[PDB]
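Each remark here refers to the structure printed beneath this line.
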Amino acid sequence: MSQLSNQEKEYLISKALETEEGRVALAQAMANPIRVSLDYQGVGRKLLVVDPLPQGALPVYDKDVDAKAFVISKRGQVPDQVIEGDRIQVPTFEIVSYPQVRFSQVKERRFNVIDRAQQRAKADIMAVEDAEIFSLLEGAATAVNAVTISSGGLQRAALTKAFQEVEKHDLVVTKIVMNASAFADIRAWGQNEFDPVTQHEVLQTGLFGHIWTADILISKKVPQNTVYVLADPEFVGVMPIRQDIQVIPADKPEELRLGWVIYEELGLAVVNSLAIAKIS
Amino acid sequence: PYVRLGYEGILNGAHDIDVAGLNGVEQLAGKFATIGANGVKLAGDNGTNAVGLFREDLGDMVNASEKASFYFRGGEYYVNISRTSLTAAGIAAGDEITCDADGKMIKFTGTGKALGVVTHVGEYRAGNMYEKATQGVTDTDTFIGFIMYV
Amino acid sequence: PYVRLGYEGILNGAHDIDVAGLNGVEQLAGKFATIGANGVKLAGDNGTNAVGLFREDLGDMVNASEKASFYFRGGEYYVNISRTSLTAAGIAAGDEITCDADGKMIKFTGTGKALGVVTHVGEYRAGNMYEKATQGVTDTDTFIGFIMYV
Amino acid sequence: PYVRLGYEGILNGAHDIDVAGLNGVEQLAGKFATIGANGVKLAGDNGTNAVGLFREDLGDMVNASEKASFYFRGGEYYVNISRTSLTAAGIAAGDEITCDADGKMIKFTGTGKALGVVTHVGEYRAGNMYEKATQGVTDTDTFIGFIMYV
């Protein structure tokens with residue numbers, strides 16, 4: 001060629017094989033380093049959780065004996081799931097430009113972390129991967145909604161609601177669009193309800209931390225403490241492999257970069273974790 | 001409850017409830033409680049009573065609920081009404097049994113409200129266990145906050 | 001390369017369960033329809049089952065296979081009366097299913113006679129125990145995805 | 001033994017005209033094949049290969065590219081489509097192949113994902129990215145293949 005894909009001609013003007021980084025990440029959805037980690041072995045997961053107890057109740061008249069109870073549990077199965085991303089690379093390109101190589105690894109790692117949060121919440125399962133936690137958990141709490149009350153107000157209002165529930169709350173698990181919209185839909189004052197706009201509040205709401213996970217969906221806010229609700233069992237951890245012994249990459253100069261992890265999910269309280277949908 | 005003290009001791013079920021000729025898997029149809037041998041009573045002998053949750057086995061047999069560290073077996077869990085016994089709700093094992101979701105009222109450990117399950121040692125207990133499944137239908141009569149038929 | 005087998009990536013079509021035999025009626029002592037046999041929605045092994053055959057592991061929920069094949073019990077292998085499954089998970093309609101026990105055509109899974117153990121893909125294969133109870137058609141060597149009349 | 005002798009059936013169809021605009025021939029221009037590896041079966045019909053690429057040369061032969069073990073060049077780079085006959089019918093192996101430059105119909109035999117295009121010499125894989133289209137939002141790899149161009 002006379003150029004790589006350049007705009008003008010090198011022959012006319014300009015020389016250099018040194019070039020800056022252009023590659024950049026888009027859409028963060030981390031929650032695995034937030035959660036606790038466990039090792040696991042075995043090729044499938046079975047979990048048991050405790051349901052409500054069957055005790056006696058007396059709403060009227062107390063002198064009798066409550067009916068006894070015994071520890072009753074319900075089952076879940078979780079098959080392994082595989083989370084991955086692949087990159088096709090040209091070594092000649094990589095060696096000449098320079099930063100691409102560093103970008104590929106750090107992107108792959110972020111990318112593995114991103115896909116894992118999406119499948120775990122929900123993001124379309126084919127019955128071959130970990131169960132859809134977001135579906136199973138508690139419906140929309142109509143009580144929080146004071147009727148015609150602001151979106152930002154909803155997120156404040158919900159945080160307290162989880163404390164009444166007696167479930168730990170350290171942090172807000174919201175959707176990126178719901179959070180922006182919540183910030184935008186504030187009263188009649190420049191100052192926001194979480195705290196004024198002369199304080200940093202981009203990454204904190206209600207004075208509690210903000211965890212952005214994608215696929216928690218629009219108009220939904222979920223309070224929890226991440227560590228408590230679920231736990232992350234890891235069958236095998238995130239590892240890169242690189243193959244020039246693969247059939248189609250060998251023939252060519254090309255090298256194939258795989259990034260993958262094989263994961264599983266434990267639910268320590270899938271029978272609780274409060275969520276709400278605005279009706280306002 | 002009526003003047004000079006309410007209910008006490010055992011209390012009468014429905015007697016001679018005869019269900020027969022069913023096509024499905026129900027316990028209602030005249031069929032046996034089997035542990036092994038050849039059934040019970042001589043002529044002019046009256047049954048006992050036994051309340052709890054029973055589970056359908058191979059063929060047209062029922063036996064008691066056990067563990068949860070072993071497989072769940074047969075359809076719905078049910079409690080025994082009478083049709084051989086002249087006394088209350090219940091039946092003696094090795095008879096034709098009609099069951100119901102009525103077993104009123106012979107006390108035994110815990111209660112049976114909102115379905116019943118089998119626990120991991122083999123006792124009988126009420127729901128809710130699974131919320132993602134439907135367990136044996138034994139919907140009890142009102143009698144709560146006091147010991148009763150499961 | 002790379003071929004799914006079971007788990008909702010195989011299409012086994014649909015087959016009619018009101019075809020062959022006597023046909024009972026709608027009644028209780030049934031069990032619930034879901035993916036997984038003790039699992040939860042979107043997490044279940046699956047045979048080459050379509051309509052016909054599903055065995056409880058834990059809870060009173062069904063989806064295909066899974067239960068020791070030394071002893072089959074519960075009244076037949078369970079069949080569907082007057083709803084035909086619209087999935088190919090074996091059964092996983094998402095309703096409470098009323099089941100029967102008349103002679104009724106089923107779909108099988110796994111190579112060889114069921115008299116063995118369970119493979120955790122949703123299949124039967126030969127175990128260390130032989131001359132254990134078989135399912136449906138006998139005298140006839142059954143293979144993976146055979147159509148048996150019970 | 002193996003197909004590719006006498007008048008034989010077709011994989012890519014027969015006598016296609018008007019199957020491509022500006023990226024493939026619309027007149028019949030077929031010509032005879034000197035073959036590479038076609039895998040376990042001669043002249044295809046199997047997992048591996050399926051009848052590989054030809055590229056036209058001067059004479060009454062068209063012959064192998066031959067790309068090994070599945071490299072590809074994007075846009076046009078010649079694919080073998082339909083066959084013609086004059087003494088024997090069937091796709092390659094000493095019989096007349098009609099080619100195009102990446103036209104239709106292509107219809108090659110695989111297991112699962114990939115598929116893709118086959119050449120002679122190699123196993124059935126599909127080209128990646130920087131070999132076919134890496135235009136807009138696409139997934140293609142060596143694990144991922146479908147019959148047509150990517």
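Letters for chains follow the order of the structure tokens (A, B, ...), residue numbers begin at 1 for each chain, and ligand numbers begin at 1 in the order shown.
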Excluding residue 40 (chain C) and residues on its chain fewer than 5 positions from it, collect all residues at most 10 Å away from it, counting only C-alpha atoms, and give them as a PyMOL selection string.
(chain A and resi 74-78+127+130-132+136) or (chain B and resi 132-133) or (chain C and resi 34-35+61)
Selection to disk with C-alpha atoms, as an mmCIF file, in the first residue's frame:
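Wrote it out as out.cif, contents follow:
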```cif
data_model
loop_
_atom_site.group_PDB
_atom_site.id
_atom_site.type_symbol
_atom_site.label_atom_id
_atom_site.label_comp_id
_atom_site.auth_asym_id
_atom_site.auth_seq_id
_atom_site.Cartn_x
_atom_site.Cartn_y
_atom_site.Cartn_z
ATOM 1 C CA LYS A 74 -36.109 -26.039 48.779
ATOM 2 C CA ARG A 75 -33.659 -26.869 46.082
ATOM 3 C CA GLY A 76 -31.962 -25.188 43.270
ATOM 4 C CA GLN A 77 -29.644 -26.445 40.569
ATOM 5 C CA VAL A 78 -27.185 -24.457 38.903
ATOM 6 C CA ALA A 127 -31.155 -23.601 30.083
ATOM 7 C CA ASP A 130 -26.881 -20.181 35.934
ATOM 8 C CA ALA A 131 -30.368 -19.322 36.967
ATOM 9 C CA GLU A 132 -32.042 -15.920 36.483
ATOM 10 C CA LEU A 136 -37.177 -15.026 41.245
ATOM 11 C CA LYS B 132 -41.491 -22.624 42.639
ATOM 12 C CA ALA B 133 -43.484 -25.908 42.875
ATOM 13 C CA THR C 34 -40.928 -26.710 35.481
ATOM 14 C CA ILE C 35 -37.308 -26.961 33.932
ATOM 15 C CA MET C 61 -42.038 -31.251 40.485
#
```
For a quick test of understanding: name the residues of chain B lying within 8 Å of chain A when counting only C-alpha atoms, and present them as a VMD selection string.
chain B and resid 109 to 111 119 to 120 125 to 130 144 to 147
Could you save those same residues with C-alpha atoms as a tab-separated table (two decimals), in the first residue's frame?
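Saved result, selection_33.tsv, follows:
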```tsv
chain	number	residue	atom	x	y	z
B	109	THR	CA	-46.46	-32.97	65.94
B	110	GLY	CA	-46.57	-29.60	64.01
B	111	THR	CA	-49.52	-28.59	61.63
B	119	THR	CA	-38.85	-33.06	56.12
B	120	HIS	CA	-35.31	-34.38	55.80
B	125	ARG	CA	-44.91	-30.83	58.26
B	126	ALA	CA	-46.80	-27.98	56.58
B	127	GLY	CA	-45.61	-25.63	53.73
B	128	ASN	CA	-44.32	-23.42	52.39
B	129	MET	CA	-41.30	-25.32	51.27
B	130	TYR	CA	-40.88	-24.71	47.50
B	144	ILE	CA	-54.55	-23.25	64.04
B	145	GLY	CA	-52.25	-22.30	66.88
B	146	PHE	CA	-52.73	-25.65	68.53
B	147	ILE	CA	-51.56	-29.26	67.85
```
Quick one: superpose chain D on chain C on all Cα atoms, same order, and give the RMSD.
8.0 Å
Produce a table with one row for each residue of chain C that has an atom at most 8 Å from any atom of chain D, each row naming the nearest atom pair and its distance in Å at one decimal; use only C-alpha atoms; arrange rows by chain and rising residue number; format as a tab-separated table.
```
residue	atom	partner	partner_atom	distance
C:1	CA	D:112	CA	5.6
C:2	CA	D:112	CA	5.5
C:3	CA	D:112	CA	5.2
```
All strand (DSSP E) residues (DSSP, backbone) inside region 58-229 of chain A, as a PyMOL selection string
chain A and resi 73-79+81-89+171-174+204-205+208-212+220-224
Would you pick out the contacts of region 83-96 of chain B at 12 Å or less, using only C-alpha atoms, so that residues sharing its chain but fewer than 4 positions from it are not included, and give the list as a PDB file with N, CA, C and O atoms, in the first residue's frame?
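part_39.pdb, freshly written:
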```pdb
ATOM      1  N   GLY B   9     -59.641 -33.491  73.535  1.00  0.00           N
ATOM      2  CA  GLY B   9     -59.493 -34.857  73.120  1.00  0.00           C
ATOM      3  C   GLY B   9     -59.706 -34.988  71.670  1.00  0.00           C
ATOM      4  O   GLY B   9     -59.647 -34.016  70.955  1.00  0.00           O
ATOM      5  N   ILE B  10     -59.939 -36.187  71.151  1.00  0.00           N
ATOM      6  CA  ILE B  10     -60.156 -36.413  69.751  1.00  0.00           C
ATOM      7  C   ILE B  10     -61.600 -36.008  69.302  1.00  0.00           C
ATOM      8  O   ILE B  10     -62.469 -35.816  70.141  1.00  0.00           O
ATOM      9  N   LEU B  11     -61.749 -35.697  67.998  1.00  0.00           N
ATOM     10  CA  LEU B  11     -62.898 -35.070  67.469  1.00  0.00           C
ATOM     11  C   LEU B  11     -63.142 -35.751  66.102  1.00  0.00           C
ATOM     12  O   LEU B  11     -62.150 -36.171  65.500  1.00  0.00           O
ATOM     13  N   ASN B  12     -64.466 -35.951  65.707  1.00  0.00           N
ATOM     14  CA  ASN B  12     -64.981 -36.894  64.764  1.00  0.00           C
ATOM     15  C   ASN B  12     -64.859 -36.310  63.416  1.00  0.00           C
ATOM     16  O   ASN B  12     -65.074 -35.162  63.171  1.00  0.00           O
ATOM     17  N   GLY B  13     -64.382 -37.214  62.451  1.00  0.00           N
ATOM     18  CA  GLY B  13     -64.184 -37.044  61.058  1.00  0.00           C
ATOM     19  C   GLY B  13     -65.492 -37.382  60.297  1.00  0.00           C
ATOM     20  O   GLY B  13     -66.570 -37.246  60.875  1.00  0.00           O
ATOM     21  N   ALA B  14     -65.377 -37.876  59.050  1.00  0.00           N
ATOM     22  CA  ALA B  14     -66.393 -38.278  58.279  1.00  0.00           C
ATOM     23  C   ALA B  14     -66.201 -39.674  58.059  1.00  0.00           C
ATOM     24  O   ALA B  14     -65.029 -40.165  57.925  1.00  0.00           O
ATOM     25  N   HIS B  15     -67.320 -40.438  58.060  1.00  0.00           N
ATOM     26  CA  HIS B  15     -67.227 -41.872  58.132  1.00  0.00           C
ATOM     27  C   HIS B  15     -67.843 -42.450  56.905  1.00  0.00           C
ATOM     28  O   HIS B  15     -68.852 -41.855  56.515  1.00  0.00           O
ATOM     29  N   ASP B  16     -67.307 -43.542  56.447  1.00  0.00           N
ATOM     30  CA  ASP B  16     -67.832 -44.280  55.307  1.00  0.00           C
ATOM     31  C   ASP B  16     -67.837 -43.493  53.997  1.00  0.00           C
ATOM     32  O   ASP B  16     -68.708 -43.696  53.137  1.00  0.00           O
ATOM     33  N   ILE B  17     -66.867 -42.592  53.801  1.00  0.00           N
ATOM     34  CA  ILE B  17     -66.657 -41.869  52.546  1.00  0.00           C
ATOM     35  C   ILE B  17     -66.008 -42.782  51.544  1.00  0.00           C
ATOM     36  O   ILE B  17     -64.874 -43.206  51.723  1.00  0.00           O
ATOM     37  N   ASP B  18     -66.805 -43.192  50.519  1.00  0.00           N
ATOM     38  CA  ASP B  18     -66.461 -44.265  49.653  1.00  0.00           C
ATOM     39  C   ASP B  18     -66.235 -43.667  48.349  1.00  0.00           C
ATOM     40  O   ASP B  18     -67.139 -43.065  47.734  1.00  0.00           O
ATOM     41  N   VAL B  19     -65.031 -43.794  47.812  1.00  0.00           N
ATOM     42  CA  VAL B  19     -64.658 -43.333  46.550  1.00  0.00           C
ATOM     43  C   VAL B  19     -64.122 -44.464  45.898  1.00  0.00           C
ATOM     44  O   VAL B  19     -63.252 -45.145  46.458  1.00  0.00           O
ATOM     45  N   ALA B  20     -64.543 -44.750  44.617  1.00  0.00           N
ATOM     46  CA  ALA B  20     -64.180 -45.917  43.921  1.00  0.00           C
ATOM     47  C   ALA B  20     -64.274 -45.674  42.397  1.00  0.00           C
ATOM     48  O   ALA B  20     -65.083 -44.898  41.863  1.00  0.00           O
ATOM     49  N   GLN B  27     -55.169 -41.350  45.766  1.00  0.00           N
ATOM     50  CA  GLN B  27     -55.227 -42.127  46.983  1.00  0.00           C
ATOM     51  C   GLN B  27     -56.681 -42.397  47.479  1.00  0.00           C
ATOM     52  O   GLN B  27     -56.980 -43.267  48.287  1.00  0.00           O
ATOM     53  N   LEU B  28     -57.658 -41.567  46.987  1.00  0.00           N
ATOM     54  CA  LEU B  28     -59.074 -41.534  47.227  1.00  0.00           C
ATOM     55  C   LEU B  28     -59.618 -42.870  46.829  1.00  0.00           C
ATOM     56  O   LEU B  28     -60.468 -43.451  47.506  1.00  0.00           O
ATOM     57  N   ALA B  29     -59.165 -43.422  45.671  1.00  0.00           N
ATOM     58  CA  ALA B  29     -59.631 -44.692  45.204  1.00  0.00           C
ATOM     59  C   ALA B  29     -59.156 -45.786  46.078  1.00  0.00           C
ATOM     60  O   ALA B  29     -58.016 -45.865  46.506  1.00  0.00           O
ATOM     61  N   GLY B  30     -60.076 -46.803  46.291  1.00  0.00           N
ATOM     62  CA  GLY B  30     -59.950 -47.891  47.209  1.00  0.00           C
ATOM     63  C   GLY B  30     -58.704 -48.669  46.898  1.00  0.00           C
ATOM     64  O   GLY B  30     -58.522 -49.387  45.927  1.00  0.00           O
ATOM     65  N   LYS B  31     -57.810 -48.550  47.918  1.00  0.00           N
ATOM     66  CA  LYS B  31     -56.439 -49.016  47.699  1.00  0.00           C
ATOM     67  C   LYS B  31     -55.705 -48.970  49.020  1.00  0.00           C
ATOM     68  O   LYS B  31     -56.070 -48.321  49.970  1.00  0.00           O
ATOM     69  N   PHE B  32     -54.575 -49.743  49.025  1.00  0.00           N
ATOM     70  CA  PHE B  32     -54.041 -50.393  50.159  1.00  0.00           C
ATOM     71  C   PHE B  32     -52.977 -49.576  50.797  1.00  0.00           C
ATOM     72  O   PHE B  32     -52.278 -48.846  50.105  1.00  0.00           O
ATOM     73  N   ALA B  33     -52.703 -49.786  52.141  1.00  0.00           N
ATOM     74  CA  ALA B  33     -51.484 -49.360  52.791  1.00  0.00           C
ATOM     75  C   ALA B  33     -50.689 -50.629  52.929  1.00  0.00           C
ATOM     76  O   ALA B  33     -51.197 -51.538  53.564  1.00  0.00           O
ATOM     77  N   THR B  34     -49.458 -50.644  52.385  1.00  0.00           N
ATOM     78  CA  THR B  34     -48.713 -51.831  52.209  1.00  0.00           C
ATOM     79  C   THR B  34     -47.366 -51.545  52.896  1.00  0.00           C
ATOM     80  O   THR B  34     -46.874 -50.425  52.836  1.00  0.00           O
ATOM     81  N   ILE B  35     -46.914 -52.598  53.681  1.00  0.00           N
ATOM     82  CA  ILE B  35     -45.615 -52.635  54.298  1.00  0.00           C
ATOM     83  C   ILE B  35     -45.094 -54.005  53.933  1.00  0.00           C
ATOM     84  O   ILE B  35     -43.923 -54.288  53.947  1.00  0.00           O
ATOM     85  N   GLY B  36     -45.996 -54.980  53.707  1.00  0.00           N
ATOM     86  CA  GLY B  36     -45.759 -56.256  53.288  1.00  0.00           C
ATOM     87  C   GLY B  36     -46.678 -57.057  54.194  1.00  0.00           C
ATOM     88  O   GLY B  36     -46.837 -56.790  55.405  1.00  0.00           O
ATOM     89  N   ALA B  37     -47.252 -58.201  53.591  1.00  0.00           N
ATOM     90  CA  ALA B  37     -47.867 -59.425  54.118  1.00  0.00           C
ATOM     91  C   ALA B  37     -49.179 -59.401  53.473  1.00  0.00           C
ATOM     92  O   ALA B  37     -49.220 -59.116  52.277  1.00  0.00           O
ATOM     93  N   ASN B  38     -50.282 -59.726  54.214  1.00  0.00           N
ATOM     94  CA  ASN B  38     -51.624 -59.823  53.782  1.00  0.00           C
ATOM     95  C   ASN B  38     -52.354 -59.101  54.844  1.00  0.00           C
ATOM     96  O   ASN B  38     -52.114 -59.244  56.058  1.00  0.00           O
ATOM     97  N   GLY B  39     -53.344 -58.249  54.414  1.00  0.00           N
ATOM     98  CA  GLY B  39     -54.023 -57.211  55.211  1.00  0.00           C
ATOM     99  C   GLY B  39     -54.551 -57.684  56.490  1.00  0.00           C
ATOM    100  O   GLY B  39     -54.573 -58.836  56.951  1.00  0.00           O
ATOM    101  N   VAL B  40     -55.216 -56.704  57.204  1.00  0.00           N
ATOM    102  CA  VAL B  40     -55.644 -56.660  58.549  1.00  0.00           C
ATOM    103  C   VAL B  40     -57.089 -56.915  58.822  1.00  0.00           C
ATOM    104  O   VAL B  40     -57.963 -56.854  57.941  1.00  0.00           O
ATOM    105  N   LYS B  41     -57.292 -57.106  60.133  1.00  0.00           N
ATOM    106  CA  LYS B  41     -58.560 -57.393  60.771  1.00  0.00           C
ATOM    107  C   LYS B  41     -59.205 -58.704  60.438  1.00  0.00           C
ATOM    108  O   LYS B  41     -59.068 -59.220  59.356  1.00  0.00           O
ATOM    109  N   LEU B  42     -60.071 -59.282  61.402  1.00  0.00           N
ATOM    110  CA  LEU B  42     -60.959 -60.420  61.130  1.00  0.00           C
ATOM    111  C   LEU B  42     -62.299 -59.743  61.054  1.00  0.00           C
ATOM    112  O   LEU B  42     -62.365 -58.531  61.265  1.00  0.00           O
ATOM    113  N   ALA B  43     -63.344 -60.500  60.774  1.00  0.00           N
ATOM    114  CA  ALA B  43     -64.726 -60.002  60.867  1.00  0.00           C
ATOM    115  C   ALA B  43     -65.022 -59.442  62.230  1.00  0.00           C
ATOM    116  O   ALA B  43     -64.695 -60.034  63.266  1.00  0.00           O
ATOM    117  N   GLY B  44     -65.812 -58.363  62.292  1.00  0.00           N
ATOM    118  CA  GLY B  44     -66.301 -57.756  63.495  1.00  0.00           C
ATOM    119  C   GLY B  44     -65.250 -57.029  64.361  1.00  0.00           C
ATOM    120  O   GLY B  44     -65.579 -56.570  65.483  1.00  0.00           O
ATOM    121  N   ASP B  45     -64.079 -56.767  63.772  1.00  0.00           N
ATOM    122  CA  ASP B  45     -62.961 -56.008  64.373  1.00  0.00           C
ATOM    123  C   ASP B  45     -63.027 -54.725  63.714  1.00  0.00           C
ATOM    124  O   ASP B  45     -63.325 -54.668  62.543  1.00  0.00           O
ATOM    125  N   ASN B  46     -62.760 -53.681  64.568  1.00  0.00           N
ATOM    126  CA  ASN B  46     -62.830 -52.314  64.165  1.00  0.00           C
ATOM    127  C   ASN B  46     -61.385 -51.735  64.053  1.00  0.00           C
ATOM    128  O   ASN B  46     -60.548 -52.102  64.831  1.00  0.00           O
ATOM    129  N   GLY B  47     -61.177 -50.916  62.983  1.00  0.00           N
ATOM    130  CA  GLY B  47     -59.835 -50.322  62.821  1.00  0.00           C
ATOM    131  C   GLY B  47     -59.283 -49.499  63.995  1.00  0.00           C
ATOM    132  O   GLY B  47     -59.893 -49.465  65.077  1.00  0.00           O
ATOM    133  N   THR B  48     -58.072 -48.957  63.750  1.00  0.00           N
ATOM    134  CA  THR B  48     -57.553 -47.865  64.588  1.00  0.00           C
ATOM    135  C   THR B  48     -57.586 -46.644  63.706  1.00  0.00           C
ATOM    136  O   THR B  48     -58.257 -46.653  62.637  1.00  0.00           O
ATOM    137  N   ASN B  49     -56.868 -45.655  64.138  1.00  0.00           N
ATOM    138  CA  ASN B  49     -56.699 -44.404  63.458  1.00  0.00           C
ATOM    139  C   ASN B  49     -55.200 -44.233  63.506  1.00  0.00           C
ATOM    140  O   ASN B  49     -54.512 -44.656  64.391  1.00  0.00           O
ATOM    141  N   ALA B  50     -54.811 -43.575  62.390  1.00  0.00           N
ATOM    142  CA  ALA B  50     -53.459 -43.114  62.079  1.00  0.00           C
ATOM    143  C   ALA B  50     -53.543 -41.942  61.157  1.00  0.00           C
ATOM    144  O   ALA B  50     -54.233 -42.052  60.159  1.00  0.00           O
ATOM    145  N   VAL B  51     -53.019 -40.730  61.564  1.00  0.00           N
ATOM    146  CA  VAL B  51     -52.929 -39.544  60.769  1.00  0.00           C
ATOM    147  C   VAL B  51     -51.494 -39.286  60.532  1.00  0.00           C
ATOM    148  O   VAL B  51     -50.623 -39.586  61.384  1.00  0.00           O
ATOM    149  N   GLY B  52     -51.195 -38.700  59.339  1.00  0.00           N
ATOM    150  CA  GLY B  52     -49.847 -38.288  58.937  1.00  0.00           C
ATOM    151  C   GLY B  52     -49.948 -38.070  57.431  1.00  0.00           C
ATOM    152  O   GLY B  52     -51.000 -38.067  56.900  1.00  0.00           O
ATOM    153  N   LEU B  53     -48.777 -38.016  56.661  1.00  0.00           N
ATOM    154  CA  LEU B  53     -48.773 -37.880  55.241  1.00  0.00           C
ATOM    155  C   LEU B  53     -48.163 -39.204  54.713  1.00  0.00           C
ATOM    156  O   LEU B  53     -47.099 -39.672  55.165  1.00  0.00           O
ATOM    157  N   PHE B  54     -48.784 -39.649  53.633  1.00  0.00           N
ATOM    158  CA  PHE B  54     -48.550 -40.941  52.983  1.00  0.00           C
ATOM    159  C   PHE B  54     -48.294 -40.558  51.590  1.00  0.00           C
ATOM    160  O   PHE B  54     -48.593 -39.434  51.159  1.00  0.00           O
ATOM    161  N   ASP B  60     -50.869 -50.061  43.271  1.00  0.00           N
ATOM    162  CA  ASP B  60     -51.896 -49.277  43.862  1.00  0.00           C
ATOM    163  C   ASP B  60     -51.787 -49.451  45.374  1.00  0.00           C
ATOM    164  O   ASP B  60     -52.717 -49.848  46.071  1.00  0.00           O
ATOM    165  N   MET B  61     -50.619 -49.015  45.919  1.00  0.00           N
ATOM    166  CA  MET B  61     -50.172 -49.050  47.301  1.00  0.00           C
ATOM    167  C   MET B  61     -49.809 -47.635  47.764  1.00  0.00           C
ATOM    168  O   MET B  61     -49.498 -46.856  46.882  1.00  0.00           O
ATOM    169  N   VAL B  62     -49.932 -47.293  49.101  1.00  0.00           N
ATOM    170  CA  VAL B  62     -49.515 -46.131  49.779  1.00  0.00           C
ATOM    171  C   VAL B  62     -48.574 -46.621  50.977  1.00  0.00           C
ATOM    172  O   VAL B  62     -48.656 -47.692  51.459  1.00  0.00           O
ATOM    173  N   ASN B  63     -47.654 -45.752  51.468  1.00  0.00           N
ATOM    174  CA  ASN B  63     -46.830 -46.146  52.699  1.00  0.00           C
ATOM    175  C   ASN B  63     -46.513 -44.684  53.225  1.00  0.00           C
ATOM    176  O   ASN B  63     -46.769 -43.679  52.607  1.00  0.00           O
ATOM    177  N   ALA B  64     -45.792 -44.613  54.313  1.00  0.00           N
ATOM    178  CA  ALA B  64     -45.497 -43.377  55.019  1.00  0.00           C
ATOM    179  C   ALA B  64     -44.430 -42.558  54.397  1.00  0.00           C
ATOM    180  O   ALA B  64     -43.536 -43.093  53.739  1.00  0.00           O
ATOM    181  N   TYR B  78     -51.466 -36.778  51.223  1.00  0.00           N
ATOM    182  CA  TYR B  78     -52.805 -36.751  51.692  1.00  0.00           C
ATOM    183  C   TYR B  78     -52.891 -37.310  53.054  1.00  0.00           C
ATOM    184  O   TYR B  78     -52.002 -37.904  53.622  1.00  0.00           O
ATOM    185  N   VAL B  79     -54.041 -37.148  53.822  1.00  0.00           N
ATOM    186  CA  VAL B  79     -54.209 -37.684  55.172  1.00  0.00           C
ATOM    187  C   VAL B  79     -55.458 -38.557  55.203  1.00  0.00           C
ATOM    188  O   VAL B  79     -56.340 -38.420  54.334  1.00  0.00           O
ATOM    189  N   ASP B 100     -58.482 -37.935  52.131  1.00  0.00           N
ATOM    190  CA  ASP B 100     -59.005 -36.623  51.849  1.00  0.00           C
ATOM    191  C   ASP B 100     -57.938 -35.596  52.160  1.00  0.00           C
ATOM    192  O   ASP B 100     -56.832 -35.962  52.346  1.00  0.00           O
ATOM    193  N   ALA B 101     -58.304 -34.326  52.206  1.00  0.00           N
ATOM    194  CA  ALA B 101     -57.510 -33.307  52.783  1.00  0.00           C
ATOM    195  C   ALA B 101     -58.041 -32.846  54.076  1.00  0.00           C
ATOM    196  O   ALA B 101     -57.556 -31.999  54.807  1.00  0.00           O
ATOM    197  N   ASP B 102     -59.073 -33.576  54.507  1.00  0.00           N
ATOM    198  CA  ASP B 102     -59.705 -33.525  55.778  1.00  0.00           C
ATOM    199  C   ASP B 102     -59.247 -34.716  56.570  1.00  0.00           C
ATOM    200  O   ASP B 102     -59.090 -35.856  56.058  1.00  0.00           O
ATOM    201  N   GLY B 103     -58.859 -34.507  57.826  1.00  0.00           N
ATOM    202  CA  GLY B 103     -58.386 -35.576  58.737  1.00  0.00           C
ATOM    203  C   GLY B 103     -58.795 -35.307  60.135  1.00  0.00           C
ATOM    204  O   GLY B 103     -58.312 -35.951  61.082  1.00  0.00           O
ATOM    205  N   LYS B 104     -59.805 -34.453  60.287  1.00  0.00           N
ATOM    206  CA  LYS B 104     -60.201 -33.866  61.559  1.00  0.00           C
ATOM    207  C   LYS B 104     -60.642 -34.791  62.701  1.00  0.00           C
ATOM    208  O   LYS B 104     -61.481 -35.657  62.524  1.00  0.00           O
ATOM    209  N   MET B 105     -60.050 -34.709  63.941  1.00  0.00           N
ATOM    210  CA  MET B 105     -58.849 -34.052  64.326  1.00  0.00           C
ATOM    211  C   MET B 105     -58.257 -34.984  65.308  1.00  0.00           C
ATOM    212  O   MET B 105     -58.834 -35.210  66.343  1.00  0.00           O
ATOM    213  N   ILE B 106     -57.069 -35.476  64.990  1.00  0.00           N
ATOM    214  CA  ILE B 106     -56.205 -36.254  65.876  1.00  0.00           C
ATOM    215  C   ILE B 106     -54.928 -35.665  65.917  1.00  0.00           C
ATOM    216  O   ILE B 106     -54.222 -35.678  64.876  1.00  0.00           O
ATOM    217  N   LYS B 107     -54.399 -35.136  67.075  1.00  0.00           N
ATOM    218  CA  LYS B 107     -53.175 -34.409  67.180  1.00  0.00           C
ATOM    219  C   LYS B 107     -51.944 -35.256  66.857  1.00  0.00           C
ATOM    220  O   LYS B 107     -51.847 -36.427  67.226  1.00  0.00           O
ATOM    221  N   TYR B 149     -54.080 -32.583  63.353  1.00  0.00           N
ATOM    222  CA  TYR B 149     -53.830 -33.525  62.376  1.00  0.00           C
ATOM    223  C   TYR B 149     -52.997 -32.832  61.260  1.00  0.00           C
ATOM    224  O   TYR B 149     -53.258 -31.697  60.894  1.00  0.00           O
TER     225      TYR B 149
END
```
Between CA of residue 274 (chain A) and CA of residue 223 (chain A), what distance in Å does the model show, to one decimal?
6.1 Å
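Put simply, CA of residue 24 (chain B) is 10.0 Å away from CA of residue 75 (chain B).
Residues in contact with residue 109 (chain A) at up to 9 Å, not including ones fewer than 6 positions away on its chain and judged by only C-alpha atoms, are residues 238, 239, 240, 259 and 260 of chain A.
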